[PDB]
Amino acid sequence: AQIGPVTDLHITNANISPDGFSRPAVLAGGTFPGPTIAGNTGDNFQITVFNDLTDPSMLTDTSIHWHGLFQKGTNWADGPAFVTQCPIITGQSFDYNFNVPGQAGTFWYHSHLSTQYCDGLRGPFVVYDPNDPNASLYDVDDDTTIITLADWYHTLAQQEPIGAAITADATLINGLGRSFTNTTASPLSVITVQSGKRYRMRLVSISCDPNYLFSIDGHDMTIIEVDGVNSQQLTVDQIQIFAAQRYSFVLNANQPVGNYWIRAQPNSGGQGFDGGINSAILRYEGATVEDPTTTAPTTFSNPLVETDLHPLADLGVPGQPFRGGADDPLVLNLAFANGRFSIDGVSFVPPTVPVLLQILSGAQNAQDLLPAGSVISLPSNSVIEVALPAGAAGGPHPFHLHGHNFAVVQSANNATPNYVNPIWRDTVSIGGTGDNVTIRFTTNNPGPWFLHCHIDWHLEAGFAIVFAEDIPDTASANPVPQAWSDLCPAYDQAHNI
């Protein structure tokens, strides 16, 4: 069952064995992935998060981010530790009370403390539209049409050894899948469809790191939503989906009654499908209960290319139709060296006082904000452009901006900008060496918004900055509840800070 928009959510430690290997985890709602939190556009979400964590090997503090939700006027509820709050300590709870005006689509929630989400605190978050303009394109859209793609590690996130390469041990599709090494025939997830119906499949990458090449043997996929943004119909037979991205696609159950492989090939870890790794099962009602015997093509006929996507609505692009054609045009120098990432020469290290709290206490320029050099002010009511030239090791890097979606003026692997009708989204691959992925947005949401690589290992190693949007209005725009004010004193007390 879906929970919300008003719900408790307990965060606990437990053992799980999603690929047949048992390890402890950090779980929301007792499961991996966590339960789907859902409501309708404009709803008031009240998610009372109960921190019941006791195992320090995966951190007993926590903080949860509602990825893609703009949090306008509720920056305090956004979740990134030491940006908008101090963590919740064990044995305490915290009510994330916010509204979702003007948004409808497929989102997710995750720990936003250290690399804790990798240890399991990740789940879908769906905001339905009772007047969805795409409603007539499908018949079924419910918890059974959500498809999550996850990387899973046998080594605990905090215990990944300094200076050894981090790769996953299994791909999990809806929480199940098989280990790349010492593979056991553990159970695979089954997605069931009825011959003749049409499904809104909500494809969610809850990855900590790899991108996936996602496909369904014998089927194609009609994209209708990208990171919350309704798109024109785009039919593809493969989707390369980066960490934290989402797509809705229409699946037409128009093949013979049967079993078909669902494929999610990560860019690192196990390659191929031997023993059923990287796989799930699409099963039609009435099919024999047995594995698919289908094969992938050698070459996909219509892979997704980002520049092919366009908004369903007339969203345009703010500013002027050339490079630098914005009120605040930025170009970020994104680098990696010696185990640390940096943005304009500064490696992000979370501050002791959360950025929001520093602003509410009276720090009123970005030069006064800690960490020094990590907080960049943005002016209100302005068109911002942010070029994100690739080249830093560990790519392709999926950059994400909290508090906003953005026009993708320039996409990976294509040097041509689009100032007319590019897709809008909230996480974008910045591509490869010599690319110049560029985003635009307007500043109508006062508060400190994180900008970072959504490969969690890279965020932990410093690949982030904070956009202090409209410092002068942050306080008036974001009144804070007493419970939020209480977080830092309790955290600092428990940690002897």
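In this text, rigid core is short for the largest set of C-alphas that superpose within 1.5 Å between two forms. Start at 1 with the first residue shown and count on from there.
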Between 154-162 and 245-253, which one strays more from this form in 9 other deposited structures of this protein if you match the rigid core and compare Cα atoms?
154-162
Output the stretch, either 165-173 or 145-153, that has more C-alpha displacement from this form in 9 other deposited structures of this protein following superposition by the rigid core.
165-173
Higher-B stretch (mean Cα B-factor, as the entry records it), 155-163 or 99-107:
155-163
Can you tell me which stretch has the higher mean Cα B-factor, 271-279 or 222-230?
271-279
For the listed residues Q255, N405, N211, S411, which one has the largest C-alpha B-factor as given in the deposited model?
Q255
Which of these, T299, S205, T427, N75, has its C-alpha atom at the highest B-factor, as the entry lists it?
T299
Looking at the C-alpha B-factor of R323, is it in the lowest, middle or highest third of its chain?
middle
By its CA B factor, does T12 count among the lowest, middle or highest third of the modelled residues in the chain?
lowest
Chain thirds of CA B-factor: placement of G286
highest
Please rank the C-alpha B-factors of the chain's modelled residues and tell me whether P266 sits in the lowest, middle or highest third.
lowest
Among all modelled residues of this chain, ranked by Cα B factor, put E306 in the bottom, middle or top third, i.e. lowest, middle or highest.
lowest
